[PDB]
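Colleague: For reference, the structure I am asking about is given below.
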Amino acid sequence: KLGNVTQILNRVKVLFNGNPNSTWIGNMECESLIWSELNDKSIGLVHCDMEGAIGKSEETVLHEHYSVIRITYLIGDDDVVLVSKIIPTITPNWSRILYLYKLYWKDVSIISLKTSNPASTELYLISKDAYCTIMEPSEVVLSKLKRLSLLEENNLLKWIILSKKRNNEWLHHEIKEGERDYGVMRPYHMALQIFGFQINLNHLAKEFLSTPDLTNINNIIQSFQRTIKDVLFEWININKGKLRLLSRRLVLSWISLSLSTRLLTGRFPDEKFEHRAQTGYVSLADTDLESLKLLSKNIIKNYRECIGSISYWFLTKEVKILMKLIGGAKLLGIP
Amino acid sequence: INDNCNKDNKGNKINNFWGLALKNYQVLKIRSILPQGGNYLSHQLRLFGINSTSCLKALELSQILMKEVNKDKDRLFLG
């Protein structure tokens with residue numbers, strides 16, 4: 001996008017020898033490769049953005065964090081900054097990681113970002129100073145760790161709840177004020193554009209809604225008309241798979257129509273669409289089709305009355321994509 | 001011109017970090033010391049990422065990093 005003006009491509013090096021198991025953090029091969037490649041030079045910060053799956057147990061998470069700490073000790077010189085991401089869990093025995101970071105780093109700062117999701121337990125730890133001398137094996141250190149005091153536990157939990165509530169309020173305020181504003185974007189969006197990032201609205205629309213363009217409202221109108229007539233014709237022609245596929249097609253067409261009309265006119269054609277998307281599903285009935293500005297005919301509505309109303313449940317990835325699409329339509333159009 | 005604009009912006013937004021400066025209630029030190037199921041309402045602001053949209057958080061943490069990390073040493077990224 002920048003035309004390699006900053007030569008970012010040329011200055012990125014990859015630690016890889018060809019053998020796949022030399023990449024996961026919990027293996028000794030990764031540590032050996034990193035030490036071999038980096039022991040003769042100085043690095044400033046170690047950023048460890050693990051995926052943090054809910055499937056992984058606490059023992060695995062502590063093992064990966066200990067491996068990252070050991071790598072930082074091995075290759076990192078003084079004035080090294082370890083940035084890490086943690087996901088606290090409602091399981092009461094969750095402070096072992098915090099005790100570990102306290103044990104190995106004296107200066108640790110816990111940060112609750114406001115740009116991140118304010119409905120999920122995500123925190124960032126920045127550790128600066130180190131004092132330990134001998135890095136014992138993983139098993140003995142894991143057995144050594146113990147939970148934290150109850151007073152500190154409750155204080156940290158209360159602080160987390162307060163920060164999450166404040167972040168949620170700030171996010172709602174920013175969303176509302178961005179929707180209110182006419183045609184200017186936030187400073188961070190302009191900064192991202194200057195850095196070189198690209199808007200994903202057209203891309204997400206193309207590979208989720210299968211609509212090449214969102215500003216061509218008329219073509220979307222005829223596409224929706226053909227889609228609804230075809231789905232009603234097939235449904236009256238007649239199993240579960242075909243019904244699910246056609247319901248998905250109809251819901252996608254309706255979502256594309258709503259996105260296009262909100263982007264162009266400046267108002268959704270169903271005031272409950274935003275809330276339904278937020279809770280994670282899309283409902284299409286005959287009532288809103290009738291309330292919709294007349295585009296279909298009476299026979300189409302009568303055939304729709306046989307089905308009446310459908311409700312389609314999205315999963316996490318589709319919910320994220322749809323939610324991003326709604327945000328883009330809101331923030332990249334007229335009020 | 002693109003490099004000049006990038007330098008100008010990153011030197012201009014030092015005082016206020018792109019309307020994302022952290023307050024005193026968000027940073028804590030261990031020595032010094034969710035709401036309704038799962039909602040993805042924060043993704044309306046993630047409009048500049050194609051593969052991974054998680055590029056806004058780096059812009060947020062950049063203030064602290066450029067505050068306390070050395071700029072003349074290499075960096076290592078895991079995961």
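Here, each number is a calculation from the coordinates, and none is a lab measurement. No Cβ is skipped: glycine too gets one built from the backbone with ideal geometry, and neighbour counts run over all protein chains shown.
Colleague: Can you work out the FRET efficiency for the pair residue A:320 and residue A:287, with r the C-beta to C-beta distance and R0 = 30 Å, to the nearest 0.05?
Modeller: About 0.60, to the nearest 0.05.
Colleague: OK, next. How many partner chain Cβ atoms sit within 10 Å of a residue's Cβ in peptide A:178-190, on average, as a whole number?
Modeller: Average per residue, whole number: 3.
Colleague: On to the next question. Please turn the phi angles of the range A:151-161 into ³J(HN,Hα) values with the Karplus equation 6.51 cos²θ - 1.76 cosθ + 1.60 (θ = phi - 60°), one per residue in order, whole Hz, x for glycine and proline.
Modeller: 4, 5, 4, 5, 4, 5, 5, 4, 4, 4, 4
Colleague: Please state the charge dipole magnitude for chain A, taken about the Cα centre, from unit charges on C-beta atoms (+1 on K and R, -1 on D and E), reported in debye and rounded to the nearest 20.
Modeller: Taking the Cα centre of chain A as origin, the dipole is about 1220 debye.
Colleague: At a Förster distance of 56 Å, what's the computed FRET efficiency of residue B:68 paired with residue A:239, Cβ-Cβ distance as r, to 0.05?
Modeller: 0.35
Colleague: On a C-alpha basis, how far is the centre of the range A:87-148 from the centre of the range A:1-42 in Å? Whole number, if you could?
Modeller: First find each Cα centre; the distance between them is then 25 Å.
Colleague: May I pose another question? Taking each pair of different alpha-carbon atoms in the range A:210-315 once, compute 1/r for the pair, average those values, and report the inverse of that mean as the Kirkwood hydrodynamic radius in Å to one decimal.
Modeller: For the range A:210-315, the Kirkwood estimate is 14.3 Å.
Colleague: Once the Cβ-Cβ distance between residue A:173 and residue A:216 is put in as r, and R0 is 22 Å, what FRET efficiency do you end up with, to the nearest 0.05?
Modeller: 0.05
Colleague: While we're on this one: For the range A:87-132, restrict the atom set to alpha-carbon positions and state the Rg and Dmax in Å.
Modeller: Cα radius of gyration and Dmax of the range A:87-132 are 12.0, 36 Å respectively.
Colleague: Write down the Å³ per residue value for the convex hull defined by the alpha carbon atoms of the protein assembly as shown.
Modeller: 186
Colleague: Considering every residue in A:163-176, what mean count of other chain Cβ atoms within 10 Å of its Cβ is obtained?
Modeller: Partner Cβ neighbours, averaged per residue: 3.
Colleague: A further question follows. For every helix of n ≥ 4 consecutive DSSP H residues, a contribution of -39,500 (n - 2.57) applies; sum these over the protein assembly as shown, divide by its total residues, and give [θ] at 222 nm rounded to the nearest 500 deg cm²/dmol.
Modeller: Result for the protein assembly as shown: -15000 deg cm²/dmol, rounded to the nearest 500.
Colleague: Name the residues whose placed amide hydrogens come within less than 5 Å of the amide hydrogen of residue A:43, ignoring near sequence neighbours (fewer than 5 apart) on the same chain.
Modeller: A:77
Colleague: Quick one: if you stick a label point 7 Å off each Cα along the C-beta vector at residue A:159 and residue A:271, how many nm between them?
Modeller: 4.3
Colleague: Still on this structure, I have one more. Which trypsin sites (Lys or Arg not before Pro) in the range A:53-117 sit in a loop by DSSP (not H, G, I, E or B) and have at most 13 other Cβ atoms within 10 Å of their own Cβ?
Modeller: Taking the range A:53-117 and a limit of 13 other Cβ atoms within 10 Å, no loop trypsin sites (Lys or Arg not before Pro) are found.
Colleague: How big is D, in µm² s⁻¹, for chain B by Stokes-Einstein at 20 °C and 1.002 mPa s if Rh is the Kirkwood radius over C-alpha pairs?
Modeller: Using the Kirkwood radius from Cα pairs, D works out to 134 µm²/s.
Colleague: Cα centroids of the range A:277-319 and the range A:172-221: how far apart, whole angstrom?
Modeller: Comparing the Cα centres of the range A:277-319 and the range A:172-221, I get a distance of 24 Å.
Colleague: Mind putting together the pair-distance distribution for the range A:87-226? All Cα pairs, 5 Å bins, whole percent per bin, short to long.
Modeller: So the P(r) values, bin by bin, are 2, 7, 10, 12, 13, 12, 9, 9, 8, 7, 4, 3, 2, 1, 0.
Colleague: Whole-Hz ³J(HN,Hα) for each residue in the range A:213-230, computed from phi via Karplus 6.51 cos²θ - 1.76 cosθ + 1.60 with θ = phi - 60°, x for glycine and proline: what do you get?
Modeller: 9, 9, 7, 7, 5, 4, 4, 5, 4, 5, 4, 5, 4, 4, 4, 5, 5, 5
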